[PDB]
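Asker: Let me begin by handing over the structure; questions about it come next.
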Amino acid sequence: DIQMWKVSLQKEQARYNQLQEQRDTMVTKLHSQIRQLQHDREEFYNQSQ
Amino acid sequence: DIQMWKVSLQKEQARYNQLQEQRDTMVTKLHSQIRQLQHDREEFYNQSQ
Amino acid sequence: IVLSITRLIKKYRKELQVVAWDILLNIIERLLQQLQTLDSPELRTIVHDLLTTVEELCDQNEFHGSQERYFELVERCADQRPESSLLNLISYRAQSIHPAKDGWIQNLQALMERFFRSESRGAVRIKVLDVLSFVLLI
Numbered sequence: 746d747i748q749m750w751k752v753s754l755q756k757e758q759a760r761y762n763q764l765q766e767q768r769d770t771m772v773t774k775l776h777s778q779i780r781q782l783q784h785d786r787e788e789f790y791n792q793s794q
Numbered sequence: 746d747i748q749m750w751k752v753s754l755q756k757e758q759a760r761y762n763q764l765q766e767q768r769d770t771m772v773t774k775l776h777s778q779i780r781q782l783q784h785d786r787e788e789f790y791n792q793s794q
Numbered sequence: 338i339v340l341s342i343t344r345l346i347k348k349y350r351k352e353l354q355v356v357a358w359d360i361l362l363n364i365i366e367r368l369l370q371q372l373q374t375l376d377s378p379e380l381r382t383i384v385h386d387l388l389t390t391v392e393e394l395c396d397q398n399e400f401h402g403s404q405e406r407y408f409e410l411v412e413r414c415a416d417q418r419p420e421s422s423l424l425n426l427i428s429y430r431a432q433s434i435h436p437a438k439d440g441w442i443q444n445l446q447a448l449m450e451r452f453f454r455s456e457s458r459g460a461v462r463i464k465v466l467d468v469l470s471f472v473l474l475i
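Right, here's the structure in full:
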């Protein structure tokens with residue numbers, strides 16, 4: 746049971762690590778594909794046009 | 746030690762649950778960036794086009 | 338104590354989970370409080386080696402303990418010799434500084450007030466300013 750709870754908490758740790766990686770990746774995607782896209786489309790594109 | 750792994754899982758689950766607030770915060774950040782992107786694009790049309 | 342705990346951490350990296358690390362970080366905290374007055378070059382060296390191995394295992398993510406308290410303890414001993422450890426500490430603390438997160442400006446304020454406006458190690462301040470630049474670009 747100690748080993749089983751060790752792997753259970755380890756799976757909770759794995760869910761935490763996966764969620765951190767997924768949130769980091771989705772923040773990177775948000776930045777580079779929405780925030781950077783808005784930076785272009787407004788600050789360069791819309792204002793220049 | 747069983748009590749320890751239980752308290753440990755409780756604590757790490759709380760740490761992973763704080764990422765619920767993190768999820769809501771990033772959803773708010775998205776609802777700012779995307780919503781302002783849409784508003785900027787629509788006004789970009791409505792004036793610059 | 339520091340030698341035996343050195344073999345503990347360098348071997349049983351993974352078996353040390355978070356409640357155990359909460360204890361073991363306080364072990365290191367007592368060791369660091371003693372480092373002020375025990376004064377020996379050999380003790381300085383081995384304690385520095387221990388924290389260096391903890392730092393290595395943190396980069397390897399073999400350390401699974403509380404990073405908040407561990408890097409607080411690094412901060413208390415940040416005034417000490419190890420160089421790359423300071424770069425690691427500053428890079429870590431950058432994480433808690435982000436426009437979406439609460440108190441991020443204040444955390445950055447503390448980070449620079451300690452390691453930018455009250456510091457002189459050139460690489461450390463370079464990295465603090467690079468962190469600020471990354472915060473501004475984000």
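Protein chains in written order, with the authors' numbering: chain D, 746 to 794; chain C, 746 to 794; chain B, 338 to 475. Even for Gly, the Cβ is constructed at its ideal location relative to N, Cα and C.
1) Leaving out five residues on either side along the sequence, give the residues of the same chain with a beta carbon under 7 Å from the beta carbon of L424(B).
2) Just by C-beta distance, which residues in the region 756-768 of chain D are closer than 9 Å to chain E?
3) Within the chosen definition, does the region 773-790 of chain D reach the region 371-390 of chain B through at least 3 CB pairs nearer than 8 Å?
4) For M749(D), count neighbouring C-beta atoms within 10 Å of its own C-beta (all shown protein chains included) and say buried if the count is 16 or more, exposed if not.
5) Determine the extent of the alpha helix (DSSP H) in which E456(B) is found, giving its start and end residues.
6) How big is the Cα-Cα spacing for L353(B) and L782(C)?
7) Within 8 Å of any Cβ in chain D, is that where the Cβ of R786(C) sits?
8) Taking the alpha helix (DSSP H) that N791(D) falls in, what are its first and last residues?
9) Would you mind sorting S777(D) into buried or exposed? The rule is 16 or more other CB atoms within 10 Å of its CB.
10) Are the C-beta atoms of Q748(C) and some chain D residue less than 8 Å apart?
11) Does the distance from the C-beta atom of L445(B) to that of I434(B) stay below 8 Å?
12) Mind pulling the beta strand (DSSP E) runs of 3 or more residues that sit fully within the region 388-449 of chain B?
13) Taking the alpha helix (DSSP H) that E757(D) belongs to, which residues open and close that run?
Answerer: Walking through what the data contain:
1) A460, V461, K464
2) Of the protein chains in this structure, namely D, C and B, none is chain E.
3) no
4) exposed
5) Element bounds for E456(B): n/a, residue is neither H nor E.
6) 47 Å
7) yes
8) That residue, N791(D), is in no alpha helix (DSSP H); it is neither H nor E in DSSP.
9) exposed
10) no
11) yes
12) none
13) 747-775
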